[PDB]
Amino acid sequence: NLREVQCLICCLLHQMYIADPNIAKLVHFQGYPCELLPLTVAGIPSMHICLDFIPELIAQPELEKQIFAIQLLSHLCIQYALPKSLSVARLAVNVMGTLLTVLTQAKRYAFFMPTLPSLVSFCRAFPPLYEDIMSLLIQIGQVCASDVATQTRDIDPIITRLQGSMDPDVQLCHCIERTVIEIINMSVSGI
Amino acid sequence: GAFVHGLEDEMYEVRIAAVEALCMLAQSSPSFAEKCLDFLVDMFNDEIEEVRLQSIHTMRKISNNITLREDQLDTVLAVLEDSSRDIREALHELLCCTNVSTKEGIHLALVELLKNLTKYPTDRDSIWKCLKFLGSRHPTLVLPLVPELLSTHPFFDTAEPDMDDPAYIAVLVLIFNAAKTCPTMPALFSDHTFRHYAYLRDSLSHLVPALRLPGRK
Amino acid sequence: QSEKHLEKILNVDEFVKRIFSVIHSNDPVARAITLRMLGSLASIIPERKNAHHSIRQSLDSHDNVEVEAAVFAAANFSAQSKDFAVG
Amino acid sequence: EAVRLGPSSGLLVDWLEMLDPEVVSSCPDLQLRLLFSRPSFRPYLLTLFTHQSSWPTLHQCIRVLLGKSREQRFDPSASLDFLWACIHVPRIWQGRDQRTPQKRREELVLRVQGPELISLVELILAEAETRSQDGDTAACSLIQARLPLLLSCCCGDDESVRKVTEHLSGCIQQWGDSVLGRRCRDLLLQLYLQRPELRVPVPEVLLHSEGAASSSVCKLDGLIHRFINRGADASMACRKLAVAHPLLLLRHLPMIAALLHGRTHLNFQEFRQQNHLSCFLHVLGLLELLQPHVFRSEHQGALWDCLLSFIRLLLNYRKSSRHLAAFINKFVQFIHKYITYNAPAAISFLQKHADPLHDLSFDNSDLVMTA
């Protein structure tokens with residue numbers, strides 16, 4: 001019964017979005033929880049014009065708006081694979097690299113924790129971004145590794161090259177290695 | 001040395017008599033036929049429409065277990081003429097009964113016949129027949145062409161082509177006439193190609209054959 | 001309402017192209033309205049192939065108003081066209 | 001259910017839906033044996049029950065239908081079509097954009113349990129084992145139609161493992177080679193499923209999920225042959241895919257049989273540095289790797305015969321055997337093929353009745369008769 005309500009609400013939102021795109025832009029600027037991001041993208045065709053303001057949404061000074069823009073762009077690239085989507089995906093990779101240059105450690109964790117599955121989505125949508133994606137990962141990996149060496153840790157992940165409430169840095173390193181696992185198993189089973 | 005002198009002397013009388021002779025003695029002799037094959041491909045510039053018409057006939061009668069390795073370029077550029085209506089329909093009759101064993105020959109034949117279509121939007125039914133029979137005669141040679149002939153870009157979404165463009169229809173009728181026997185071909189299409197197969201099967205049932213696709217069972 | 005005046009239209013192709021330029025939109029209510037317009041226009045365009053393709057494509061769609069308009073236009077084309085009737 | 005009244009039962013059917021508000025309200029057992037049995041009004045009540053009952057009642061029916069029961073109290077056709085209808089109820093997909101999907105992406109499925117999967121697959125094979133008048137090709141068409149439901153209800157690698165690990169006993173009316181053939185549609189990564197399918201040795205006619213990748217590999221091999229970075233991949237991946245799975249390359253063998261026809265451009269092969277040298281070496285490597293598939297059963301030796309004839313024609317067009325390694329390798333492969341199969345030996349003798357007389361070489365005469 002949940003799916004019926006979901007698809008009816010998707011119908012009403014599609015009608016309201018095609019009535020005027022300004023409401024769609026305002027809502028995606030405001031944001032909604034990420035668990036709706038598949039349902040809203042798969043079910044509302046009008047989200048295609050949502051690829052018009054992702055450059056504008058990613059340029060806002062607010063940070064959680066940038067995570068929302070990255071995640072929404074990733075789900076759109078899963079849905080619609082277009083040259084426009086690939087161009088905005090390259091812009092997204094450049095924006096993530098630039099924010100890697102400019103971010104404080106706590107804000108770096110807060111920005112890079114919810115994003116990294118979007119890099120799996122970007123790599124799944126487009127092969128020609130692989131190495132670029134890979135470059136970002138290796139960079140973020142070692143910078144997080146450097147942060148692990150800054151202070152003592154309760155798990156010491158540096159010597160764990162074999163395979164709760166923890167330190168944020170080891171959580172970020174674990175997220176990086178899990179998103180690399182997800183990328184590799186996507187590539188192996190991706191035919 | 002008879003046929004090396006028996007052709008290039010006089011008007012259509014001597015030439016047509018000699019080539020009807022090679023018709024019958026290529027029909028009677030299962031061998032020898034590569035020699036009459038390359039003694040017919042030279043005589044395309046005889047500047048007689050009757051000689052061209054009866055030459056298309058004299059090689060369409062002997063087109064049995066005969067392939068074209070290098071002598072297929074002239075026989076496909078011979079279509080290039082201002083009107084040549086009887087010559088053109090004879091050439092389409094020749095192209096649907098010929099046998100070939102190469103891939104680039106298929107590529108050049110298709111691009112030349114599409115150039116014929118874009119220069120004369122008049123004979124789409126005849127080319128649909130000859131492309132149907134070309135696909136039915138040999139399906140195997142065009143399997144690597146499908147990744148190259150149509151837009152099948154790996155990650156970009158393939159836009160739906162113009163349905164009423166009567167040139168994409170010819171390459172579709174080739175594809176689905178060549179898709180009747182080979183099993184490794186349904187996996188190579190896209191969703192719009194199955195919907196195009198649905199409309200081509202329901203509209204032109206005498207051009208595309210029935211397939212075992214899950215979309216149209 | 002003005003069905004009996006439909007055969008008096010001279011520039012049929014421009015009229016049908018201007019009407020048909022809305023099938024490729026993404027508003028399902030607009031698409032359903034345009035298929036209903038095609039069903040009304042059925043008398044002057046019995047053997048237009050892209051119309052038949054649009055009816056077949058929208059006929060197995062998931063939006064209910066599109067489906068109902070597609071059934072209306074399929075009923076109105078099926079009274080005149082024969083290849084449409086068999087497909 | 002009991003009285004076989006001809007016309008009036010229709011009124012009774014109406015009276016059923018006229019007074020029973022759901023389809024299943026108070027008496028589930030008689031109603032379930034009414035809808036599913038070992039009648040003519042069954043499809044109407046069944047499409048009702050598809051579009052009438054509440055979702056918890058539908059889930060109750062879906063667990064009791066595909067539950068563990070050896071009595072076989074449910075008709076498989078009605079039950080499986082009820083499954084396929086419940087997958088695609090229009091209320092579930094009421095506004096989603098239609099017929100522009102991504103083939104790589106999977107949108108939604110229906111989750112069932114392990115014993116549910118086992119019961120559903122034995123039910124669909126019990127359907128496939130009826131064969132009163134249908135025949136083998138109608139069985140294949142039926143299981144092709146019912147296969148996407150199996151791929152929907154599995155939707156994973158380890159449920160794929162648990163369905164491919166179940167192979168029944170018996171030798172007559174097995175029909176378990178069908179799922180061992182459509183593991184290619186399942187796109188497995190283990191050679192254990194290929195081993196039982198190779199032991200079955202049945203022809204393959206369905207499309208595979210990995211067919212496009214092997215088609216791209218063959219096209220890359222052709223492009224590497226016509227080139228003289230991508231050539232290294234075209235040399236590695238084809239052999240790796242051939243040794244990983246033999247049935248796929250056996251299916252693609254007609255597609256690569258049409259290649260390697262550029263030998264006549266450079267008969268002496270001095271102008272062609274790799275246009276007529278590397279491709280033949282690569283394809284003889286594929287054949288010497290897939291020698292077990294070279295000696296396969298009927299309806300597959302035509303492509304091998306065409307490849308052997310093309311190899312013989314290329315050998316006859318050589319510059320008096322300037323390169324003897326490729327000729328010796330081809331002779332070794334021909335000797336292995338002749339020793340493996342008698343029919344291939346007869347085909348090779350039919351070819352060599354004209355080929356070895358034209359060859360008249362020392363190696364041709366030799367092949368004509370450590371630690």
# chains A, B, ... in the order shown; residues from 1 in each chain; ligands from 1

$ select_by_dssp --residues "chain C" --states "alpha helix (DSSP H)" --output "VMD selection string"
chain C and resid 12 to 20 28 to 41 49 to 59 64 to 78 83 to 86

$ write_last_selection --atoms "C-alpha atoms" --output "mmCIF file, in the first residue's frame"
data_model
loop_
_atom_site.group_PDB
_atom_site.id
_atom_site.type_symbol
_atom_site.label_atom_id
_atom_site.label_comp_id
_atom_site.auth_asym_id
_atom_site.auth_seq_id
_atom_site.Cartn_x
_atom_site.Cartn_y
_atom_site.Cartn_z
ATOM 1 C CA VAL C 12 -4.040 18.956 -44.233
ATOM 2 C CA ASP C 13 -0.343 18.191 -43.671
ATOM 3 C CA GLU C 14 0.483 21.419 -41.808
ATOM 4 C CA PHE C 15 -2.657 21.020 -39.673
ATOM 5 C CA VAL C 16 -1.829 17.440 -38.702
ATOM 6 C CA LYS C 17 1.849 18.281 -38.084
ATOM 7 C CA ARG C 18 0.907 21.167 -35.775
ATOM 8 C CA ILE C 19 -1.479 18.887 -33.882
ATOM 9 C CA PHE C 20 1.000 15.968 -33.808
ATOM 10 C CA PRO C 28 0.300 12.912 -19.942
ATOM 11 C CA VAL C 29 -2.942 14.906 -19.940
ATOM 12 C CA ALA C 30 -1.724 16.897 -22.951
ATOM 13 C CA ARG C 31 -0.772 13.645 -24.684
ATOM 14 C CA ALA C 32 -4.205 12.164 -23.960
ATOM 15 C CA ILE C 33 -5.873 15.292 -25.350
ATOM 16 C CA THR C 34 -3.755 15.058 -28.496
ATOM 17 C CA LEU C 35 -4.610 11.384 -29.047
ATOM 18 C CA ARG C 36 -8.276 12.326 -28.611
ATOM 19 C CA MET C 37 -7.749 15.011 -31.252
ATOM 20 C CA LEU C 38 -6.205 12.384 -33.537
ATOM 21 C CA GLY C 39 -9.236 10.170 -32.952
ATOM 22 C CA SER C 40 -11.515 13.054 -33.886
ATOM 23 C CA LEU C 41 -9.364 13.786 -36.958
ATOM 24 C CA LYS C 49 1.743 5.719 -39.927
ATOM 25 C CA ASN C 50 3.217 7.841 -37.125
ATOM 26 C CA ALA C 51 -0.285 8.292 -35.724
ATOM 27 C CA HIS C 52 -0.672 4.505 -35.546
ATOM 28 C CA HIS C 53 2.737 4.206 -33.875
ATOM 29 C CA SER C 54 1.761 6.817 -31.287
ATOM 30 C CA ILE C 55 -1.520 5.022 -30.564
ATOM 31 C CA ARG C 56 0.285 1.704 -30.116
ATOM 32 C CA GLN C 57 2.978 3.250 -27.912
ATOM 33 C CA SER C 58 0.593 5.176 -25.655
ATOM 34 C CA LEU C 59 -1.885 2.284 -25.627
ATOM 35 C CA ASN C 64 -4.851 5.926 -17.063
ATOM 36 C CA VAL C 65 -6.034 9.011 -18.955
ATOM 37 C CA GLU C 66 -3.477 8.252 -21.683
ATOM 38 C CA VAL C 67 -4.736 4.660 -21.861
ATOM 39 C CA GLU C 68 -8.389 5.703 -22.148
ATOM 40 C CA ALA C 69 -7.624 8.289 -24.833
ATOM 41 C CA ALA C 70 -5.576 5.658 -26.658
ATOM 42 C CA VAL C 71 -8.524 3.256 -26.623
ATOM 43 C CA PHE C 72 -10.769 6.026 -27.979
ATOM 44 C CA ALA C 73 -8.365 6.849 -30.792
ATOM 45 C CA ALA C 74 -7.788 3.159 -31.548
ATOM 46 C CA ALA C 75 -11.551 2.714 -31.875
ATOM 47 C CA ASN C 76 -11.758 5.699 -34.211
ATOM 48 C CA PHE C 77 -8.802 4.647 -36.394
ATOM 49 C CA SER C 78 -9.915 0.996 -36.453
ATOM 50 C CA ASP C 83 -3.400 -2.417 -41.281
ATOM 51 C CA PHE C 84 -4.112 -0.574 -38.039
ATOM 52 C CA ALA C 85 -7.057 -2.942 -37.590
ATOM 53 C CA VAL C 86 -4.953 -6.109 -37.875
#

$ residues_around --residues "residue 204 of chain B" --least-positions-apart "4" --cutoff "12 Å" --atoms "only C-alpha atoms" --output "list in words"
residues 125, 128, 129, 132, 169, 170, 172, 173, 196, 197, 198, 199, 200, 208, 209 and 210 of chain B; 49, 83, 84, 86 and 87 of chain C

$ write_last_selection --atoms "N, CA and C atoms" --output "PDB file, in the first residue's frame"
ATOM      1  N   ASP B 125      10.512   0.273 -52.451  1.00  0.00           N
ATOM      2  CA  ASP B 125       9.973  -1.081 -52.382  1.00  0.00           C
ATOM      3  C   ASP B 125      10.941  -2.098 -52.973  1.00  0.00           C
ATOM      4  N   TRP B 128      13.792  -2.592 -50.657  1.00  0.00           N
ATOM      5  CA  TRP B 128      13.349  -3.376 -49.508  1.00  0.00           C
ATOM      6  C   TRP B 128      13.293  -4.863 -49.841  1.00  0.00           C
ATOM      7  N   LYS B 129      12.808  -5.213 -51.039  1.00  0.00           N
ATOM      8  CA  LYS B 129      12.878  -6.609 -51.482  1.00  0.00           C
ATOM      9  C   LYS B 129      14.309  -7.123 -51.595  1.00  0.00           C
ATOM     10  N   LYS B 132      15.867  -7.537 -48.188  1.00  0.00           N
ATOM     11  CA  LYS B 132      15.272  -8.696 -47.529  1.00  0.00           C
ATOM     12  C   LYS B 132      15.896  -9.993 -48.028  1.00  0.00           C
ATOM     13  N   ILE B 169      14.461   2.122 -42.357  1.00  0.00           N
ATOM     14  CA  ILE B 169      13.615   0.946 -42.537  1.00  0.00           C
ATOM     15  C   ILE B 169      14.343  -0.126 -43.338  1.00  0.00           C
ATOM     16  N   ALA B 170      15.145   0.281 -44.325  1.00  0.00           N
ATOM     17  CA  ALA B 170      15.874  -0.686 -45.142  1.00  0.00           C
ATOM     18  C   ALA B 170      16.940  -1.410 -44.325  1.00  0.00           C
ATOM     19  N   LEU B 172      16.866  -1.782 -41.084  1.00  0.00           N
ATOM     20  CA  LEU B 172      16.123  -2.652 -40.173  1.00  0.00           C
ATOM     21  C   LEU B 172      15.657  -3.931 -40.857  1.00  0.00           C
ATOM     22  N   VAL B 173      15.175  -3.838 -42.100  1.00  0.00           N
ATOM     23  CA  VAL B 173      14.645  -5.040 -42.732  1.00  0.00           C
ATOM     24  C   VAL B 173      15.792  -5.982 -43.083  1.00  0.00           C
ATOM     25  N   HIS B 196      10.477  -0.811 -32.686  1.00  0.00           N
ATOM     26  CA  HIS B 196      10.496  -0.713 -34.138  1.00  0.00           C
ATOM     27  C   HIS B 196      10.225  -2.059 -34.787  1.00  0.00           C
ATOM     28  N   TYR B 197      10.745  -3.146 -34.213  1.00  0.00           N
ATOM     29  CA  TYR B 197      10.401  -4.472 -34.716  1.00  0.00           C
ATOM     30  C   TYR B 197       8.917  -4.755 -34.577  1.00  0.00           C
ATOM     31  N   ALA B 198       8.312  -4.323 -33.470  1.00  0.00           N
ATOM     32  CA  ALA B 198       6.876  -4.514 -33.296  1.00  0.00           C
ATOM     33  C   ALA B 198       6.088  -3.800 -34.388  1.00  0.00           C
ATOM     34  N   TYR B 199       6.438  -2.542 -34.672  1.00  0.00           N
ATOM     35  CA  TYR B 199       5.681  -1.822 -35.693  1.00  0.00           C
ATOM     36  C   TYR B 199       5.981  -2.343 -37.095  1.00  0.00           C
ATOM     37  N   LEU B 200       7.231  -2.709 -37.380  1.00  0.00           N
ATOM     38  CA  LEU B 200       7.539  -3.267 -38.694  1.00  0.00           C
ATOM     39  C   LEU B 200       6.880  -4.624 -38.914  1.00  0.00           C
ATOM     40  N   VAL B 208       9.653  -7.939 -43.004  1.00  0.00           N
ATOM     41  CA  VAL B 208      10.376  -8.506 -41.869  1.00  0.00           C
ATOM     42  C   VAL B 208       9.725  -9.828 -41.477  1.00  0.00           C
ATOM     43  N   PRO B 209      10.503 -10.826 -41.078  1.00  0.00           N
ATOM     44  CA  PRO B 209       9.926 -12.102 -40.653  1.00  0.00           C
ATOM     45  C   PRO B 209       9.665 -12.146 -39.153  1.00  0.00           C
ATOM     46  N   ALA B 210       8.854 -13.125 -38.760  1.00  0.00           N
ATOM     47  CA  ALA B 210       8.542 -13.320 -37.352  1.00  0.00           C
ATOM     48  C   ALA B 210       9.751 -13.876 -36.609  1.00  0.00           C
TER      49      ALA B 210
ATOM     50  N   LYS C  49       1.093   6.802 -40.660  1.00  0.00           N
ATOM     51  CA  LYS C  49       1.743   5.719 -39.927  1.00  0.00           C
ATOM     52  C   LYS C  49       2.214   6.150 -38.544  1.00  0.00           C
ATOM     53  N   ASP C  83      -4.639  -1.963 -41.906  1.00  0.00           N
ATOM     54  CA  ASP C  83      -3.400  -2.417 -41.281  1.00  0.00           C
ATOM     55  C   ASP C  83      -3.377  -2.081 -39.793  1.00  0.00           C
ATOM     56  N   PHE C  84      -3.909  -0.908 -39.440  1.00  0.00           N
ATOM     57  CA  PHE C  84      -4.112  -0.574 -38.039  1.00  0.00           C
ATOM     58  C   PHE C  84      -5.052  -1.578 -37.395  1.00  0.00           C
ATOM     59  N   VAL C  86      -5.576  -4.816 -38.171  1.00  0.00           N
ATOM     60  CA  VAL C  86      -4.953  -6.109 -37.875  1.00  0.00           C
ATOM     61  C   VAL C  86      -3.885  -6.021 -36.775  1.00  0.00           C
ATOM     62  N   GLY C  87      -3.058  -4.969 -36.766  1.00  0.00           N
ATOM     63  CA  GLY C  87      -2.055  -4.852 -35.723  1.00  0.00           C
ATOM     64  C   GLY C  87      -2.663  -4.661 -34.347  1.00  0.00           C
TER      65      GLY C  87
END

$ closest_residue --among "A:101, A:139, A:121, A:150" --to "chain D" --atoms "only C-alpha atoms"
A:121

$ interface_residues --of "chain C" --to "chain D" --cutoff "7 Å" --atoms "only C-alpha atoms" --output "list in words"
residues 61, 62 and 63 of chain C

$ write_last_selection --atoms "N, CA, C and O atoms" --output "mmCIF file, in the first residue's frame"
data_model
loop_
_atom_site.group_PDB
_atom_site.id
_atom_site.type_symbol
_atom_site.label_atom_id
_atom_site.label_comp_id
_atom_site.auth_asym_id
_atom_site.auth_seq_id
_atom_site.Cartn_x
_atom_site.Cartn_y
_atom_site.Cartn_z
ATOM 1 N N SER C 61 0.735 2.227 -22.175
ATOM 2 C CA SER C 61 1.383 3.075 -21.185
ATOM 3 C C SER C 61 0.739 2.839 -19.821
ATOM 4 O O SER C 61 -0.177 2.027 -19.670
ATOM 5 N N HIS C 62 1.207 3.558 -18.803
ATOM 6 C CA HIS C 62 0.733 3.356 -17.445
ATOM 7 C C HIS C 62 -0.141 4.473 -16.897
ATOM 8 O O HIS C 62 -0.723 4.299 -15.820
ATOM 9 N N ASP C 63 -0.259 5.600 -17.586
ATOM 10 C CA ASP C 63 -1.127 6.672 -17.113
ATOM 11 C C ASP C 63 -2.535 6.445 -17.651
ATOM 12 O O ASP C 63 -2.724 6.275 -18.858
#

$ residues_around --residues "segment 78-92 of chain B" --least-positions-apart "4" --cutoff "6 Å" --atoms "only C-alpha atoms" --output "list in words"
residues 53, 74 and 130 of chain B

$ write_last_selection --atoms "N, CA, C and O atoms" --output "PDB file, in the first residue's frame"
ATOM      1  N   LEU B  53      21.932  -4.529 -69.577  1.00  0.00           N
ATOM      2  CA  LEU B  53      20.785  -5.293 -69.092  1.00  0.00           C
ATOM      3  C   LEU B  53      21.016  -6.791 -69.245  1.00  0.00           C
ATOM      4  O   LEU B  53      20.851  -7.570 -68.292  1.00  0.00           O
ATOM      5  N   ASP B  74      33.142  -2.617 -58.756  1.00  0.00           N
ATOM      6  CA  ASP B  74      32.606  -2.145 -60.027  1.00  0.00           C
ATOM      7  C   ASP B  74      31.129  -2.490 -60.177  1.00  0.00           C
ATOM      8  O   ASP B  74      30.347  -1.680 -60.688  1.00  0.00           O
ATOM      9  N   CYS B 130      15.223  -6.352 -52.196  1.00  0.00           N
ATOM     10  CA  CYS B 130      16.547  -6.925 -52.426  1.00  0.00           C
ATOM     11  C   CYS B 130      17.340  -6.998 -51.127  1.00  0.00           C
ATOM     12  O   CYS B 130      18.130  -7.924 -50.934  1.00  0.00           O
TER      13      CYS B 130
END

$ closest_atom_pairs --of "chain A" --to "chain B" --cutoff "9 Å" --atoms "only C-alpha atoms" --output "Markdown table"
| residue | atom | partner | partner_atom | distance |
| --- | --- | --- | --- | --- |
| A:80 | CA | B:157 | CA | 7.8 |
| A:81 | CA | B:156 | CA | 5.7 |
| A:82 | CA | B:156 | CA | 5.7 |
| A:83 | CA | B:156 | CA | 7.1 |
| A:125 | CA | B:155 | CA | 6.9 |
| A:126 | CA | B:155 | CA | 6.0 |
| A:127 | CA | B:155 | CA | 7.3 |

$ residues_around --residues "residue 140 of chain B" --least-positions-apart "6" --cutoff "9 Å" --atoms "only C-alpha atoms" --output "PyMOL selection string"
(chain B and resi 178+181-182) or (chain D and resi 254-255+257-258)

$ write_last_selection --atoms "N, CA and C atoms" --output "JSON list (two decimals), in the first residue's frame"
[["chain", "number", "residue", "atom", "x", "y", "z"],
["B", 178, "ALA", "N", 18.18, -10.94, -41.36],
["B", 178, "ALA", "CA", 19.38, -11.68, -41.00],
["B", 178, "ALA", "C", 19.34, -12.19, -39.57],
["B", 181, "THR", "N", 17.98, -16.65, -38.21],
["B", 181, "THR", "CA", 18.71, -17.88, -37.95],
["B", 181, "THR", "C", 19.72, -17.76, -36.82],
["B", 182, "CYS", "N", 20.53, -16.70, -36.81],
["B", 182, "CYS", "CA", 21.59, -16.56, -35.82],
["B", 182, "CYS", "C", 21.02, -16.24, -34.44],
["D", 254, "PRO", "N", 30.32, -19.07, -35.12],
["D", 254, "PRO", "CA", 29.93, -18.55, -36.45],
["D", 254, "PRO", "C", 30.22, -17.07, -36.65],
["D", 255, "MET", "N", 30.17, -16.26, -35.59],
["D", 255, "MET", "CA", 30.43, -14.83, -35.73],
["D", 255, "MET", "C", 31.89, -14.57, -36.08],
["D", 257, "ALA", "N", 33.75, -16.93, -37.54],
["D", 257, "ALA", "CA", 34.06, -17.70, -38.74],
["D", 257, "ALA", "C", 34.05, -16.82, -39.99],
["D", 258, "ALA", "N", 33.28, -15.72, -39.97],
["D", 258, "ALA", "CA", 33.22, -14.81, -41.11],
["D", 258, "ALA", "C", 34.42, -13.88, -41.19]]

$ atom_distance --atom1 "atom CA of residue 109 of chain D" --atom2 "atom CA of residue 85 of chain D"
12.8 Å

$ interface_residues --of "chain B" --to "chain D" --cutoff "7 Å" --atoms "only C-alpha atoms" --output "PDB file with N, CA and C atoms, in the first residue's frame"
ATOM      1  N   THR B 102      32.629 -11.740 -47.659  1.00  0.00           N
ATOM      2  CA  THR B 102      33.404 -10.747 -46.930  1.00  0.00           C
ATOM      3  C   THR B 102      32.483  -9.771 -46.206  1.00  0.00           C
ATOM      4  N   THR B 140      25.166 -14.500 -41.728  1.00  0.00           N
ATOM      5  CA  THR B 140      26.336 -14.540 -40.856  1.00  0.00           C
ATOM      6  C   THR B 140      27.253 -13.342 -41.074  1.00  0.00           C
ATOM      7  N   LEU B 141      27.367 -12.872 -42.319  1.00  0.00           N
ATOM      8  CA  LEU B 141      28.393 -11.892 -42.659  1.00  0.00           C
ATOM      9  C   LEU B 141      28.118 -10.509 -42.081  1.00  0.00           C
ATOM     10  N   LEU B 143      26.837  -9.838 -38.914  1.00  0.00           N
ATOM     11  CA  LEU B 143      26.873  -9.753 -37.454  1.00  0.00           C
ATOM     12  C   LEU B 143      27.821  -8.684 -36.907  1.00  0.00           C
ATOM     13  N   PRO B 144      29.070  -8.522 -37.375  1.00  0.00           N
ATOM     14  CA  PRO B 144      29.875  -7.402 -36.859  1.00  0.00           C
ATOM     15  C   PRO B 144      29.433  -6.038 -37.362  1.00  0.00           C
ATOM     16  N   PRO B 183      21.384 -16.979 -33.399  1.00  0.00           N
ATOM     17  CA  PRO B 183      20.859 -16.688 -32.059  1.00  0.00           C
ATOM     18  C   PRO B 183      21.508 -15.502 -31.367  1.00  0.00           C
ATOM     19  N   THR B 184      22.725 -15.128 -31.745  1.00  0.00           N
ATOM     20  CA  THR B 184      23.447 -14.068 -31.043  1.00  0.00           C
ATOM     21  C   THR B 184      23.213 -12.726 -31.734  1.00  0.00           C
ATOM     22  N   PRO B 186      19.487 -10.986 -30.807  1.00  0.00           N
ATOM     23  CA  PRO B 186      18.552 -10.284 -29.907  1.00  0.00           C
ATOM     24  C   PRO B 186      19.208  -9.543 -28.755  1.00  0.00           C
ATOM     25  N   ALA B 187      20.341 -10.031 -28.249  1.00  0.00           N
ATOM     26  CA  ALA B 187      21.010  -9.363 -27.138  1.00  0.00           C
ATOM     27  C   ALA B 187      21.690  -8.068 -27.557  1.00  0.00           C
ATOM     28  N   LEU B 188      21.795  -7.806 -28.856  1.00  0.00           N
ATOM     29  CA  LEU B 188      22.557  -6.671 -29.351  1.00  0.00           C
ATOM     30  C   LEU B 188      21.682  -5.465 -29.692  1.00  0.00           C
TER      31      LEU B 188
END

$ closest_atom_pairs --of "chain B" --to "chain C" --cutoff "8 Å" --atoms "only C-alpha atoms" --output "CSV"
residue,atom,partner,partner_atom,distance
B:163,CA,C:50,CA,7.4
B:164,CA,C:50,CA,7.1
B:199,CA,C:53,CA,7.0
B:202,CA,C:87,CA,5.0
B:203,CA,C:83,CA,6.3

$ write_last_selection --atoms "N, CA and C atoms" --output "PDB file, in the first residue's frame"
ATOM      1  N   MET B 163      11.044   7.233 -37.486  1.00  0.00           N
ATOM      2  CA  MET B 163      10.343   6.054 -37.980  1.00  0.00           C
ATOM      3  C   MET B 163       9.959   6.193 -39.447  1.00  0.00           C
ATOM      4  N   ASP B 164       9.527   7.381 -39.864  1.00  0.00           N
ATOM      5  CA  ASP B 164       9.046   7.602 -41.219  1.00  0.00           C
ATOM      6  C   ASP B 164      10.170   7.901 -42.203  1.00  0.00           C
ATOM      7  N   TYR B 199       6.438  -2.542 -34.672  1.00  0.00           N
ATOM      8  CA  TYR B 199       5.681  -1.822 -35.693  1.00  0.00           C
ATOM      9  C   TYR B 199       5.981  -2.343 -37.095  1.00  0.00           C
ATOM     10  N   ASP B 202       3.989  -5.555 -37.500  1.00  0.00           N
ATOM     11  CA  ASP B 202       2.551  -5.353 -37.640  1.00  0.00           C
ATOM     12  C   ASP B 202       2.189  -4.576 -38.902  1.00  0.00           C
ATOM     13  N   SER B 203       3.127  -3.808 -39.454  1.00  0.00           N
ATOM     14  CA  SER B 203       2.837  -2.968 -40.611  1.00  0.00           C
ATOM     15  C   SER B 203       3.270  -3.638 -41.909  1.00  0.00           C
TER      16      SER B 203
END

$ interface_residues --of "chain A" --to "chain D" --cutoff "6 Å" --atoms "only C-alpha atoms" --output "JSON, numbers by chain"
{"A": [4, 7, 11, 43]}

$ write_last_selection --atoms "C-alpha atoms" --output "tab-separated table (two decimals), in the first residue's frame"
chain	number	residue	atom	x	y	z
A	4	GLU	CA	0.38	3.12	-4.34
A	7	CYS	CA	3.17	6.61	-7.19
A	11	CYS	CA	1.89	11.75	-10.36
A	43	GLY	CA	8.80	7.98	-11.15

$ closest_residue --among "A:183, A:158, A:8, A:148" --to "chain C" --atoms "only C-alpha atoms"
A:8

$ closest_atom_pairs --of "chain A" --to "chain C" --cutoff "8 Å" --atoms "only C-alpha atoms" --output "CSV"
residue,atom,partner,partner_atom,distance
A:15,CA,C:27,CA,7.3
A:18,CA,C:27,CA,7.0
A:45,CA,C:26,CA,7.5
A:46,CA,C:26,CA,7.6

$ residues_around --residues "residue 31 of chain A" --least-positions-apart "3" --cutoff "10 Å" --atoms "only C-alpha atoms" --output "list in words"
residues 25, 26, 27, 28, 34, 64, 65, 68, 69 and 72 of chain A

$ write_last_selection --atoms "C-alpha atoms" --output "short mmCIF file (atom, residue, chain, number, x, y, z; two decimals), in the first residue's frame"
data_model
loop_
_atom_site.label_atom_id
_atom_site.label_comp_id
_atom_site.auth_asym_id
_atom_site.auth_seq_id
_atom_site.Cartn_x
_atom_site.Cartn_y
_atom_site.Cartn_z
CA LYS A 25 13.97 24.44 -8.44
CA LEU A 26 12.85 25.85 -5.07
CA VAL A 27 12.16 22.39 -3.64
CA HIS A 28 15.48 20.96 -4.80
CA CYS A 34 18.09 11.17 0.42
CA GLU A 64 24.55 20.41 2.73
CA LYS A 65 23.07 21.88 -0.45
CA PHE A 68 22.19 17.21 -1.96
CA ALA A 69 23.23 18.42 -5.41
CA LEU A 72 20.62 14.20 -6.87
#

$ closest_residue --among "A:173, A:42, A:50, A:137" --to "residue 156 of chain A" --atoms "only C-alpha atoms"
A:173

$ residues_around --residues "residue 175 of chain A" --least-positions-apart "6" --cutoff "12 Å" --atoms "only C-alpha atoms" --output "ChimeraX atom specification"
/A:109,112-117,119-120,137,140-141,144,168-169,181-182

$ atom_distance --atom1 "atom CA of residue 293 of chain D" --atom2 "atom CA of residue 250 of chain D"
6.8 Å
